[PDB]
Each structure stands twice: as C-alpha cells, then as structure tokens.
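S.K.: So I've got this experimental structure, pasted below with the sequence.
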Amino acid sequence: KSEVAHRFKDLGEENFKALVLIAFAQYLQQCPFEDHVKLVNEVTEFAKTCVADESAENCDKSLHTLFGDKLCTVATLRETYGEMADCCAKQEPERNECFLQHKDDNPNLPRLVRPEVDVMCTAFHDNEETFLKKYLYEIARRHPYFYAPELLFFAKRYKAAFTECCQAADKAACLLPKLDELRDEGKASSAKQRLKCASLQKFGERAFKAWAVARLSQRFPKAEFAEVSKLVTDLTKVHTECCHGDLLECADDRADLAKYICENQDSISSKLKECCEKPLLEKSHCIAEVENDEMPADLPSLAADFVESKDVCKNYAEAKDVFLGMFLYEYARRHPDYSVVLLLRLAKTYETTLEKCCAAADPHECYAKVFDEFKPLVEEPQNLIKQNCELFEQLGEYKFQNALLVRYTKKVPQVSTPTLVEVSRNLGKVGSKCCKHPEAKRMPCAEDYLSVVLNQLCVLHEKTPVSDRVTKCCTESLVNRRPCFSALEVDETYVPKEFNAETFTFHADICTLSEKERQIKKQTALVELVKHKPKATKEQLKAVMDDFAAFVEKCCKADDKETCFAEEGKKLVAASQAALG
Ligand SMILES: CCCCCCCCCCCCCC(=O)O
Ligand SMILES: O=C(O)c1cc(I)cc(I)c1I
Ligand SMILES: O=C(O)c1cc(I)cc(I)c1I
C-alpha cells in the first residue's frame with residue numbers, strides 16, 4: 001500500500017537516509033550540501049509518517065512520483081539547472097525519463113583534495129556523521145551514474161579505516177595505505193561499471209550474453225545450462241536497466257534476481273550460503289563478488305560432443321547460438337583458470353570453423369582438428385603471464401615498471417610522456433597484485449585489471465588521438481582489444497626528438513621528495529631519454545641508468561647540493577650523450 005513505508009522498513013533509517021542523500025546528489029549536483037541534508041530530513045520525516053499509517057496522504061504514491069515531486073520543489077531549479085526544470089511540466093512517465101536525460105555524467109567540479117590525516121581524524125571526531133555525509137555527497141555528485149547501494153558500501157569501509165587509524169599513535173602509517181587502496185578500488189569499480197554499459201552498447205546483447213555465459217558458468221560449474229541460460233537472460237535485463245540509469249528500476253531488478261538465485265541456491269552454487277543470509281541491500285553485491293564452486297569432476301569431455309559425434313552440424317544448424325552457448329557453458333565451467341575473453345576467443349574459433357565445414361562433402365573430417373587450433377590461442381596469454389611475472393620478481397615493482405616504460409615508449413613514442421608514465425605505472429601494479437597469485441587464479445586476475453586500464457588508456461586517445469595503431473586496437477572487438485597491443489612492434493617510422501638540457505637538468509629537489517615524486521621524476525626523464533635515443537640497447541640504457549643512480553646519491557648525500565647537480569650533471573649529459581652515441 002505504501003512504497004515508502006516498505007523501503008523504510010526493510011532498508012532501515014540509517015541506510016534509508018544515506019541513500020536518499022546519494023540519490024538527490026546524483027540529480028541535483030549543483031545544490032549545496034546543507035540543502036540536501038534538509039531534503040533528506042524532509043523525506044525521512046515523511047517516510048516515518050507512512051510507516052505509522054500506510055494510509056496517510058500521499059503514502060500511496062509511487063517512489064518515482066514522490067521523488068520527481070520533491071525535485072520539482074527546488075525553487076532555484078530553473079535558475080541553477082535550467083533546461084532540466086522543463087521536465088517538471090511533463091507528467092511522470094516522461095518526467096522521470098526527462099530527469100535521467102539531463103543528468104550530467106561528468107560535471108565540472110574541482111578535483112577533491114585529500115586533507116591532512118590529522119585534520120581528517122580531528123574532523124572525524126567532532127562530528128563523524130556530517131563528516132562522512134559530506135564526503136559521501138561530494139563523491140556522489142561527481143559520479144551520478146554510480147550505483148548508490150555500492151557507493152554506500154564503500155562509505156562504511158572508509159569509516160572503518162577512520163575508526164581504526166585515528167586511534168593509533170602512527171595514524172598516517174595506518175590511514176594512508178588504506179585511503180590509497182579504497183581510492184583505487186572505487187576507481188576500478190567505477191570504470192568497470194562504465195565499461196560494462198559501453199560494451200552492451202557497442203557490440204550489443206549477443207556479445208554481452210556470450211560473455212556472461214562464460215563467466216556465469218565459471219562460477220557455477222554445477223548449475224545446468226538451463227539455469228545458466230535463465231540467469232544470463234535475467235542478468236542482461238538487469239544491466240540494460242541499470243545502465244539506462246534508473247535507480248529504482250535497477251535496484252529492484254537486482255533485488256529480484258538476487259532472491260531468485262538464493263531461493264534456487266542449491267540449484268546454482270554451493271558457495272552461496274553466506275550471501276543469502278545477508279540483508280536486502282547487500283545480497284546482490286555479495287553474490288556478484290562470490291567465489292567459484294568446485295566443479296563436478298565427474299565430467300565427461302568436450303571432444304566427445306563437439307568434435308566427434310556426427311550430427312553436430314545437425315545440432316548446430318538447429319539453434320546455432322544455443323549450441324555455441326553450450327560449447328561455452330561446457331568449456332567455461334571446465335576452465336575457471338582461463339580469462340573470459342580467452343574462452344570467447346575459443347568459442348568464436350569454433351563458430352568460424354563450424355561455418356566453414358558444415359558446408360562441405362564430409363564435414364565430420366573437416367572439423368576434427370579444431371581442438372588442435374585452440375592450443376596456440378591458449379598458450380599466448382599463458383606464456384605472457386609467466387614471462388612477465390618472472391621479470392616482476394627479478395626486479396621490484398618500481399624496477400619492473402621502468403622495464404615497461406622503456407618497452408612501451410618504444411612501441412608508441414608518439415604517446416604523451418605523462419600518459420606513458422601513468423599507464424606504465426598501473427600495469428606494474430596489475431603485475432604485483434596478480435603475480436602474487438598461483439597459476440590457477442592468474443589469468444582471470446590480469447584480465448580484471450588489464451580491462452579497465454586498457455579502456456582508461458583508450459578513452460584518452462579518444463579525446464586526443466595520437467597513433468593510428470593505438471586507435472586500431474582501441475576500436476577493435478573487446479576480444480581482440482588486448483592481443484592487439486601485445487602485437488604492436490617498435491616504431492621504426494618515428495624520428496627521434498632533439499636534446500633539451502632542461503629535460504635532463506635535475507636540481508637538488510629530488511633529494512627531498514617522496515618516493516612517489518622521486519620516481520615519477522626519474523621515470524619521466526626515462527621516457528624522454530628513450531624518445532630522444534630510441535635505438536639504445538637494453539644495455540646502453542641500463543648504463544645511463546646506472547651512472548644516474550649513483551649520481552643522485554653523490555649529490556643528495558654531499559655537503560653542497562645544487563653545485564653537485566650542476567657540475568656533476570654536466571658530466572652525465574656529456575658522457576651519456578657520447579655513450580648513446
Ligand atoms: C642525453 C642523456 C641524458 C641522461 C639523462 C638520464 C635520465 C635517466 C633516468 C633514468 C632513471 C632510472 C631510475 C633509477 O635509476 O632509479
Ligand atoms: O574518481 C573516482 O574514480 C572514484 C569513483 C568512485 I565510485 C569512488 C572513488 I573513492 C573515486 I576517487
Ligand atoms: O553482474 C553481476 O555481477 C551479477 C552477477 C550475478 I550471478 C547476480 C547479480 I544480482 C549480479 I548484479
């Protein structure tokens with residue numbers, strides 16, 4: 001009878017308020033914080049009214065209606081947001097749709113700066129609620145497409161870091177490494193979110209469904225293809241709605257399928273226990289990040305149903321996709337250690353083959369070498385992992401990063417130096433975060449990270465194209481979007497830059513800089529050094545890097561910094577210029 005009272009009761013006053021806040025923030029991104037805190041109170045006083053009497057006036061209205069109604073209460077709506085106020089003249093079906101429309105994705109607001117640990121902790125003390133609500137409001141208005149409940153999930157992890165660290169003697173050493181982790185986790189989570197909706201739009205349902213099938217069947221290797229199909233179907237509807245940006249429609253669609261999975265739990269996965277015992281607002285998130293189930297191990301084989309058994313072209317022509325979907329389902333679940341793309345890379349190969357064999361005299365003997373063709377497709381990413389995780393051990397994260405720097409700068413020297421550095425730094429991290437895992441969980445790991453990075457890297461070329469090559473892979477299918485980069489070859493067309501002493505003039509500042517800064521500084525010159533002399537051997541370059549490692553010491557450990565950087569520096573650039581000939 002009352003949508004509001006209902007949401008209140010199973011959500012709770014605490015979470016209800018937080019969400020209302022995030023909600024209004026994602027829409028009225030220009031209104032001040034103190035302004036929303038009022039709305040949230042206004043709205044919460046209301047809800048409480050319905051919980052007491054479901055019949056109380058307006059409690060019968062739909063949330064989409066009540067919401068829109070309040071939004072149109074903002075007097076400065078016309079002045080502040082303008083065009084968006086026009087929405088208030090249409091009635092509900094259109095109105096809400098009209099709001100989702102004029103919702104700015106990335107509004108021009110000032111970069112949020114992280115205050116001093118001590119000022120943070122102190123602010124967290126006098127008024128911890130308003131402290132978090134304000135930063136919640138700040139993050140919200142900056143990412144209006146971000147799933148509220150998930151945003152609320154990060155919020156609490158932040159309060160646990162402030163609760164724990166602001167009590168320690170060494171606050172900074174406690175707080176800082178967590179704030180860095182959370183930041184990088186929310187960034188990753190946001191990018192994937194914006195990444196999923198992009199794929200759904202560029203390649204469409206089929207590709208998305210294929211993807212989902214392989215991933216779903218990897219997690220639930222015991223569920224039957226029928227169930228997987230069901231879920232993959234419901235799933236895609238969810239992401240279509242959530243992408244569209246309607247909070248309520250997306251919140252319910254996710255709640256439903258979460259209930260369906262938990263009720264039919266025993267028919268899906270054994271590792272869904274906990275997730276199903278959690279509250280409404282967390283079940284979904286829980287399930288989505290759930291672990292793989294153990295595989296039947298009583299499994300037959302694939303060459304039996306997909307390479308041998310005549311009547312494959314019969315079963316294939318009857319329902320081309322379901323058949324292929326079965327292949328995936330079948331192959332995926334037997335390989336939780338492959339990357340989803342890898343699997344889609346195989347399914348496609350199979351599709352391609354079936355299409356060039358079911359149209360020949362004796363098909364049975366045309367596609368009997370297929371599996372043999374999966375071999376190279378599998379080993380490429382497998383070799384890449386070992387190779388790169390081996391090197392990451394031979395050198396630290398930092399020393400490893402420099403290897404990539406030199407490696408990629410050579411591929412696309414055209415790319416901006418500050419870009420090559422950042423990109424090269426993130427790749428190193430992916431390497432450290434994943435190489436820690438055993439062979440089994442490696443490939444899936446790399447895929448998770450490499451996916452966002454590669455996209456983030458592509459979105460830039462999107463605004464400032466530089467290389468036709470980087471542009472060729474960025475546009476290609478998500479399934480070829482990675483092996484393409486791995487295929488780039490050192491650019492021989494590139495014409496070396498000209499010397500600029502300034503770029504190789506290091507004044508005694510570096511001596512007093514944080515590791516983050518000392519590196520970025522050194523690394524930036526490294527890229528510049530390769531852009532200048534791109535034909536330097538891994539040998540020639542190692543040398544210059546050595547004569548520079550010592551140099552830094554000899555001048556930031558000597559009684560006359562500044563003189564050492566100018567006198568000794570002239571010797572490096574000179575000697576170096578000559579070494580690299
Ligand atoms: C034209 C030659 C000028 C020499 C410029 C040297 C730039 C090398 C920076 C590389 C620093 C490597 C990092 C490190 O050693 O810790
Ligand atoms: O700017 C971002 O990329 C971003 C996104 C989310 I969602 C959470 C957090 I913290 C951040 I720093
Ligand atoms: O997209 C997901 O990560 C996902 C997966 C399953 I399985 C169930 C639900 I609800 C979700 I939101």
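M.R.: Now that the structure is in, tell me what you want to look at. Numbering: from 1, shown residues only. Ligands and ions are numbered 1, 2, ... in the order given.

S.K.: Chain neighbours aside, what residue packs nearest to residue 76?
M.R.: residue 31 (7.6 Å; CB to CB, 6 or more residues apart in numbering). In this view, the C-beta of every residue, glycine as well, is placed from N, C-alpha and C.

S.K.: again with residue 11
M.R.: residue 281 (6.4 Å).

S.K.: Quickly find the element holding that neighbour.
M.R.: Element membership for residue 281 (DSSP states H and E) is helix 280-288.

S.K.: from the middle of its chain, how far away would the helix or strand just after that helix be?
M.R.: For helix 280-288, the following helix or strand on the C-terminal side (DSSP H and E) is helix 303. In terms of CA atoms, centre = their mean, to the nearest Å, the centre of helix 303 is found 36 Å from the chain centre.

S.K.: Please enumerate residues in contact with helix 303?
M.R.: Identification of contacts with helix 303 by CB atoms under 8 Å, 6 or more residues apart in numbering yields residue 371.

S.K.: and residue 115, helix, strand or coil?
M.R.: At residue 115 the chain is in coil, as set by DSSP: H, G, I helix; E, B strand; the rest coil.

S.K.: can you pull the contacts of residue 456?
M.R.: By CB under 8 Å, 6+ apart, the residues touching residue 456 are 191, 426.

S.K.: list the contacts for the nearest residue to residue 186 once chain neighbours are set aside?
M.R.: Using CB to CB, 6+ apart and skipping residues adjacent in sequence, the residue nearest residue 186 is residue 154, 5.3 Å away. Each residue near residue 154 by CB under 8 Å, 6+ apart is listed here: 182, 185-186, 189.

S.K.: tell me which element residue 154 falls in.
M.R.: Applying DSSP H and E as the criterion places residue 154 in helix 148-165.

S.K.: From the contacts of residue 154, list the buried ones, please.
M.R.: 186, 189 (16 or more other CB atoms under 10 Å).

S.K.: tally of neighbours for the residue nearest to residue 76?
M.R.: Residue 31: 20 surrounding residues under other CB atoms under 10 Å.

S.K.: Check the gap between it and ligand 3 for me.
M.R.: Per CB to the nearest ligand atom, to the nearest Å, residue 31 is found 30 Å from ligand 3.

S.K.: And for residue 96?
M.R.: Distance from residue 96 to ligand 3, by CB to the nearest ligand atom: 22 Å.

S.K.: now that residue, nearest residue through space, not along the chain?
M.R.: Nearest to residue 96 is residue 64, by CB to CB, 6+ apart, at 5.0 Å.

S.K.: Over to the residue of the stretch 151-300 of the chain found nearest ligand 2. Which of the three states is it?
M.R.: Proximity of the stretch 151-300 of the chain to ligand 2 (CB to the nearest ligand atom) peaks at residue 186, 2.7 Å away. Under three-state DSSP, residue 186 falls in the helix class.

S.K.: picking up where we left off before, these two touch, right, the residue nearest to residue 76 and residue 71?
M.R.: No. With contact defined as CB atoms under 8 Å, residue 31 does not reach residue 71; the gap is 10.4 Å.

S.K.: Break the protein into its domains for me.
M.R.: 2-104, 105-194, 202-293, 294-379, 380-491, 492-571 (curated CATH domains).

S.K.: Just list the residues touching the closest residue to residue 94 other than its chain neighbours, thanks.
M.R.: Nearest in space to residue 94, with sequence neighbours left out and distances taken as CB to CB, 6+ apart, is residue 87 at 7.8 Å. By CB under 8 Å, 6+ apart, the contact set of residue 87 is 68, 72, 94-95, 98-99, 101-102.

S.K.: Contacts for the helix or strand where the residue nearest to residue 96 lies, please.
M.R.: Element membership for residue 64, per DSSP H and E: helix 63-71. Helix 63-71 is touched from outside by 3-4, 7, 23-24, 27-28, 39, 42-43, 46, 58, 61, 77, 87-88, 92, 95-96, 99, 248, with contacts defined as CB under 8 Å, 6+ apart.
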